[PDB]
Amino acid sequence: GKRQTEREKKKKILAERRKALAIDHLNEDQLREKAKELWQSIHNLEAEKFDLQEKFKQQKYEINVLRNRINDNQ
Amino acid sequence: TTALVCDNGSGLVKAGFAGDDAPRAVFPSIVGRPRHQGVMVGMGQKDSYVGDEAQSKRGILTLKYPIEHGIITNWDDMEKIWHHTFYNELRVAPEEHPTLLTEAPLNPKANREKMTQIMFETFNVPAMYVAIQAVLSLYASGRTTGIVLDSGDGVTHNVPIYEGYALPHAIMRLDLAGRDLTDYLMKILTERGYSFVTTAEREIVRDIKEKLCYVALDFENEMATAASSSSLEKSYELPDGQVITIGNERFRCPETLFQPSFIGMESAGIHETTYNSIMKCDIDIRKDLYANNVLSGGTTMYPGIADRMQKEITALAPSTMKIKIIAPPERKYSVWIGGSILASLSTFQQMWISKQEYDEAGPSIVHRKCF
Amino acid sequence: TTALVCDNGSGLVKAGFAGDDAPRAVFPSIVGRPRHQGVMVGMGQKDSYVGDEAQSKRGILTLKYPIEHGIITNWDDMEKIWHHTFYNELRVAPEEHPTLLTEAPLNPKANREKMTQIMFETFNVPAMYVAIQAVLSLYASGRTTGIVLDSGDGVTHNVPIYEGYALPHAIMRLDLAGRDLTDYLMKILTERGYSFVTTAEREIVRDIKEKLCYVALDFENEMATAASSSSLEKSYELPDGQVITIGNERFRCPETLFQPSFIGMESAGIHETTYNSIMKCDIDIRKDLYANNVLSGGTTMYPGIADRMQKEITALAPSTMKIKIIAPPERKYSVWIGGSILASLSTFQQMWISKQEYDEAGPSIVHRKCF
Amino acid sequence: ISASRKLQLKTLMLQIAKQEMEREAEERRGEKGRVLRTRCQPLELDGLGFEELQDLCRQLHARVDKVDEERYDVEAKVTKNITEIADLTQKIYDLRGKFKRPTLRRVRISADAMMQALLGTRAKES
Amino acid sequence: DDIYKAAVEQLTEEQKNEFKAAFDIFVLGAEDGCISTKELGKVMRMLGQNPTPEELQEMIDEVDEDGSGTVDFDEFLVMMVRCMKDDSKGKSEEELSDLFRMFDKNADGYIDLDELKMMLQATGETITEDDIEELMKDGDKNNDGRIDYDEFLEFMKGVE
Ligand SMILES: Nc1ncnc2c1ncn2[C@@H]1O[C@H](COP(=O)(O)OP(=O)(O)O)[C@@H](O)[C@H]1O
Ligand SMILES: Nc1ncnc2c1ncn2[C@@H]1O[C@H](COP(=O)(O)OP(=O)(O)O)[C@@H](O)[C@H]1O
Ligand SMILES: [Ca+2]
Ligand SMILES: [Ca+2]
Ligand SMILES: [Mg+2]
Ligand SMILES: [Mg+2]
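Residues numbered from 1 in each chain as written, not as in the entry; some residues may be left out. Chains lettered and ligands numbered in written order. Part of a larger assembly, values for the part shown. Heavy atoms only, no water.

Chain D is annotated in the PDB entry as Troponin I, cardiac muscle of Mus musculus. Comment text from UniProt for chain D, heading Subunit, reads "Interacts with TRIM63 (By similarity). Binds to actin and tropomyosin. Interacts with STK4/MST1 (By similarity)." Turning to chain D, the UniProt annotation filed under Sequence similarities states: "Belongs to the troponin I family." (UniProt positions renumbered as here; feature names shortened; annotations may be inferred.)

As annotated in the PDB entry, chain A is Isoform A2 of Troponin T, cardiac muscle from Mus musculus.

Here it is in structure tokens:
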């Protein structure tokens, strides 16, 4: 199933992004490092999502341009 | 908000917002990949032309319908057709509109469940409902009783209804429809010399069938007349010239409806499956069904069918009952008009399959109370 | 950098940088060794004069074309011609310029593979691409459909194209072209007393054909008129005096195109191979091909051919279709203009056969995806 | 108006639009950085019992999961949107492209060479 | 178009006298007193360039407005500086497309001419409202009162 394939692939990516958060055995400094890793990952995802938002705004405006030209080309 | 009354059909997809008189966009449901190589660079050649675009470039495509007989045989192509219908022919995102699909009676369950799963996962509609294609055609006539013969292009089915109570044991579904008539016409045209083989030329034969064929009131007399005089031979101009002349192929193509032995089918014609569907009903509602016989669907648009069918049923039925055949001029879109009326009702507003309900019971919700 | 759009042809080599309107250097493709002994010492006599230099010393040379019918029969001479074209007529070393050769349809593979091997090993170009001579002529017209009849000097081929998708099963390649017309004219001139035999005098007969011959609108009427009056006899001055008078040889030489039985060829004329090429196409794109018939190549420059061909096709074709023959004034260089346009495209910039690709797969790379 | 002032206006508008677009892009980047720094909150819990440390580990693991789910969904949506945009661009071109074939001229060689070929011996200053 | 007019209006009377004397010397012995399309084409053939008569007619129609087929003093200088095309490639398509898309600050697919007014205020060249009016007339091909994206391409087509 192509839709099944999409759902399965997205869930696979979801699973992959789930790193092994098995770390209590670490000491204080290592766990602080891991927390910073998570924090930096979150901030980078924030940057990625902001880029997605601005690119979506651009895509919507360009689709408006496209529809304008379509109407012009009656 | 407003509801989207889509109607997949088989041969023409008809869609439009609920509450209007006619579907907004009507276009053939064909998806055709190009088949030749292609030498011009940068021409912007796509990989699949769907809908009405592939009826203009059909010279270099291989059109293939994604719906064979009511059932859907190629789910990817059907998804493509739906995506086109939503985004380019109506230009309304499905995230903000309920949908009302239509389905033939006695179809496989898996088809309906996959349809609802697609509508809820890919297009992500708020709520969708699936309705039987004959009840809508009964809505459009403004009746509440009557036995409706909905001879589409994929499958011909005959659902009797009384006082709003459908009779599930009297549905007679027959798989002869417009497509088989097109194939039979394409097969009998070879008796004069015209050979149509390519899947693109099936469209030309369909146009010939639509514009020229008619149903004879009496078959033997017409066969005798066409074999002596020449008052029937009507000519038609192909898409390139070389006019053709159709003789007694005119009324022999749609005669297959009343004698399915022509294409080798065993069953009885549409004139006798209606009488059989009536006789399975109870003895006290047969008069009302006799008086309110309804025609619908595209294939019942042949000039002169509402008289041939009435003559046949009057021959079969008891002499006292009155036989009346309702044939509205808006036959082709009758199902969609009925769908619009049903979606516009206030009493119906709580029958939709809401998305949270689907999340709790899975796609098998459609067979449950929300039918 | 800029691309070199070379176009080998057969009879005239046309070359120039991509992005211009006309080829930079156009010169006959003949290589002629001297044939007499030579007594002056130190005159600086070379062993082979190529290109336009051998059209001025042709009195003591034996000119021989290195390309017979599209195919290349003498690879050393062709290499010499290419070397001259690159170094003396354009003065650009090939180490810094992509090349875009052109090739007739349905040619032997070995010819194309040897061509690419030469271009990559001897001249050592960065990347070369081989294109069919008819698609370019379709580029130059600014169309995207149409059936192009490219009657060169070596071979006449007729490639139909629709919406950018070439139809490989409808290419009709015929080997009658300008050279056979030159030979036939040289053969019918003997009926008045003028005998041209030497390979140098073939050039004089070619000049006569170019300057005097024309295609008759109706052949029998012209044959009758030229046999009674004397309004057609046009005179021409040889390279030494002794003017000659051409009578009904004027329209009999190019008539061979429409009746190849004159030179003993069996096949049908260029007026009927186009109709046959159309009829092999699908039934739905025949109107567009009828309306967009394109002429190209040198030999289609005869005065009055765009009317004779239209009359013939209108006679053959169905009466309803409109027959239109596109005959741009820049017919001779149409293929090269199209080549320049194609080489100037941004979308095409990644289709070149890069040298590292050739090093990995050998000369047989040309038949692969990089066509 | 005189074409010189027209070209001057054209290049002035080019510069104005370019500088304004660049300034607006830089401002958008600054706002993006500011707001993203506002959205993600730095933490400081070093030296604490590993129970709370791992509680933060799990909380931020789940948080990473949520942000990844959201961002990847949005990214897939935006990729689909850009694909559709390209489709519509191709549609518009195939509707009304064709004639968009450019022309390049090289026969007009540099005017010095043309003047030389014209003059010859008297090609001393021109 | 008027590009050569702009280029020579940047230039001064030095070019005027230069091309006048060049006409005096090279076109010496002529009977027309100007340069004709066929005249310049034959001159190109004499020097070694190979222009076509159709190109000759096209270029003379481009340079000649009154239909005379010759060159006025300003037209003569425009044609003389025309034969060589030093400046090409006309800015960049994508960057200017982005500039125009952000020009529609309202992002409605339409250009408010007040935005044009403010941008011109930024430009500040000695210009009257009728000058920008004429510029828009040059640009607003469909006369919709705004700047269409395709018309934005057209009026900036090849503009350095
Ligand atoms: N005017 C007409 N005359 C005869 N046959 C028609 C006419 N219009 C449509 N048909 C036949 O009906 C078919 C369309 O039926 P339709 O009702 O659209 O099917 P569906 O139920 O799938 O929508 C066509 O394939 C054609 O063969
Ligand atoms: N003006 C003309 N009139 C008639 N025939 C011509 C004319 N010009 C060229 N030809 C013929 O066309 C040939 C040149 O064709 P060309 O298009 O150069 O071939 P290729 O496709 O090999 O380049 C010459 O051999 C000549 O016979
Ligand atoms: Ca003038
Ligand atoms: Ca704006
Ligand atoms: Mg139906
Ligand atoms: Mg050629």
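**Student:** Tell me about the overall build of chain D, residues and numbers included.
**Tutor:** The number of helices and strands found in chain D is three helices and zero strands. Helices and strands appear in chain D in the N-to-C order α-α-α. Computed over its C-alpha atoms, the radius of gyration of chain D comes to 31 Å, more than 25% above the 14 Å expected for a compact globule of 126 residues. If one aligns the C-alpha atoms of chain D with their principal axes, the spans along those axes are about 95 × 40 × 35 Å. The buried share of chain D, reckoned over its 126 residues, is 26%. (Helix = DSSP H or I, 4+ residues; strand = E, 2+ residues; numbered from the N terminus. Rg over C-alpha atoms; globule rule 2.2 N^0.38 Å. Buried < 20%, exposed > 50% of the residue type's maximum accessible area, 1.4 Å probe, protein only.)

**Student:** For the overall build of chain A, give the residues involved together with the corresponding values.
**Tutor:** Per the secondary structure count, chain A includes two helices and zero strands. Relative to the compact-globule value of 11 Å for 74 residues, chain A shows a C-alpha radius of gyration of 21 Å, a clear excess of over 25%. Principal axes of the C-alpha set define a box for chain A whose edges measure 70 × 35 × 5 Å. Burial status across chain A gives 27% buried among its 74 residues. On chain A, roughly 4,800 Å² of surface is accessible, and the fraction owed to carbon and sulfur atoms is 57%. Averaged over its 19 positive side-chain charges, chain A has a centre that lies 9 Å from the centre of its 14 negative ones. (Areas by Shrake-Rupley, 256 points an atom, 1.4 Å probe, with all protein chains shown as cover. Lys, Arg positive; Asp, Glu negative; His and termini not counted. Charge placed at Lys NZ, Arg CZ, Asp CG, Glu CD.)

**Student:** Could you give an account of the packing of helix α4 (residues 53–63) of chain E against helix α5 (residues 73–82) of chain E, naming the residues involved and the relevant values?
**Tutor:** All names here are of chain E. Between α4 and α5, the shortest axis-to-axis distance is 10 Å and the interhelical angle comes to 135°. Classified by the angle between their axes, α4 and α5 sit oblique to one another. α5 is crossed by α4, and the crossing has right-handed handedness. Contacts between α4 and α5 involve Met59, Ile60, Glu62 and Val63 from the first element and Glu75, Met79 and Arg82 from the second. (Axes fitted to C-alpha atoms, helices over the stretch in contact; angles between N-to-C directions. Parallel < 35°, antiparallel > 145°, perpendicular 65-115°, else oblique. Left-handed = near helix turned anticlockwise from the far one by under 90°. Contact = heavy atoms within 4.5 Å.)

**Student:** Talk me through the site of ligand 1; I want residue IDs and the actual numbers.
**Tutor:** All names here are of chain B. Within the structure, ligand 1 sits among 15 residues, and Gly9, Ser10, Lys14, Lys209 and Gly298 are positioned closest to it. Contact distances for ligand 1 include 2.3 Å between an oxygen atom and a backbone N or O atom of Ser10. The separation between an oxygen atom of ligand 1 and a polar main-chain atom of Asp153 is 3.4 Å. Computed on the free molecule, ligand 1 has an accessible area of 580 Å², of which 91% lies beneath the protein chains in the complex. Looking at which element gives the most residues to the shell around ligand 1, the answer is helix α5 (residues 201–212), with three residues. Class assignment for the residues of the shell around ligand 1 results in three nonpolar, six polar and six charged. Both domains that meet at the shell around ligand 1, namely domain 1 (4–137 + 333–360) and domain 2 (178–256), each give it at least three residues. (Near = heavy atom within 4 Å. Polar contact = N/O pair within 3.5 Å; in protein donor to acceptor, adjacent residues only side chain to side chain. Nonpolar A, V, L, I, M, F, W, Y, C, P; charged D, E, K, R; others polar. Domains from an automatic or database assignment.)

**Student:** An account of the side chain of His84 of chain B is requested, with residue identities and associated values reported.
**Tutor:** Residues and elements named next belong to chain B. As for its position among the elements, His84 is in helix α1 (residues 75–90). With relative accessibility at 13%, the residue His84 sits in the buried group. Ignoring anything within four residues of it in the chain, the contact list for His84 reads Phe27, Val50 and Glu89.

**Student:** Before we move on, could you go through the site of ligand 2 and cite the residues and values that matter?
**Tutor:** All names here are of chain C. Near ligand 2, the surroundings consist of 15 residues, among which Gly9, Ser10, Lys14, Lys209 and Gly298 are the closest. Interatomic distance of 3.0 Å between a side-chain N/O atom of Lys14 and an oxygen atom of ligand 2. Contact with the protein chains hides 91% of the accessible area of ligand 2, taken as 570 Å² for the molecule alone. Looking at the shell around ligand 2, its residues break down into three nonpolar, six polar and six charged. Here the shell around ligand 2 gathers at least three residues from each of two domains, domain 1 (4–137 + 333–360) and domain 2 (178–256).

**Student:** Outline helix α3 (residues 133–140) of chain B, supporting the account with residue identities and numerical values.
**Tutor:** Residues and elements named next belong to chain B. Residues of α3 that are buried: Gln133, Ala134, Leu136, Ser137 and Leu138. On its buried face, α3 sits against β6 (99–103), β7 (127–132), β8 (146–151), β9 (156–162), β14 (293–296) and α11 (334–343). Immediately downstream of α3, the backbone of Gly142 shows phi near 70°, a positive value.

**Student:** Please set out the interface of chain D and chain A residue by residue, giving values where relevant.
**Tutor:** Taken together, the 40 residues of chain D in the interface contact 35 residues of chain A. With both chains or domains summed, chain D and chain A bury close to 3,400 Å², and 74% of this area falls on carbon and sulfur atoms. Remark: the boundary between chain D and chain A carries two salt bridges. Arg71 of chain D is the partner of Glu48 of chain A in a salt bridge, and the nearest nitrogen-oxygen pair spans 3.7 Å. Across the chain D-chain A interface, the total number found is seven residue pairs in polar contact. Of all the elements in the fold, those that place two or more residues in the side of chain D that touches chain A are α1 (3–39) and α2 (50–96) of chain D. Top contributing element to the side of chain D that touches chain A by residue count: α2 of chain D, with 28 residues. By residue class, the composition of the side of chain D that touches chain A is 20 nonpolar, six polar and 14 charged. (Buried area = accessible area lost by both parts, 1.4 Å probe. Salt bridge = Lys/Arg side-chain N within 4 Å of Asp/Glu carboxyl O.)

**Student:** Give me the lowdown on the pairing of β9 of chain B, citing residues and values where you can.
**Tutor:** All names here are of chain B. Summarising burial for β9: six of the seven residues are buried, a large majority. By the bridge criterion, six bridges tie β8 to β9 in an arrangement that is antiparallel. Counterpart to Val148 in the pairing with β9 is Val159. Strand direction decides the pairing type here: β9 and strand β11 (residues 172–174), joined by three bridges, are antiparallel. The partner of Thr156 across the bridge, within β11, is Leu174. One ladder, built from two bridges, connects β9 with strand β10 (residues 165–166); its direction is antiparallel. Along β10, the bridge assignment pairs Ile161 with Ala166. Joining the antiparallel neighbours β9 and β10 is a turn of two residues, in which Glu163 adopts a positive phi near 50°. (Pairing = 2+ DSSP bridges.)

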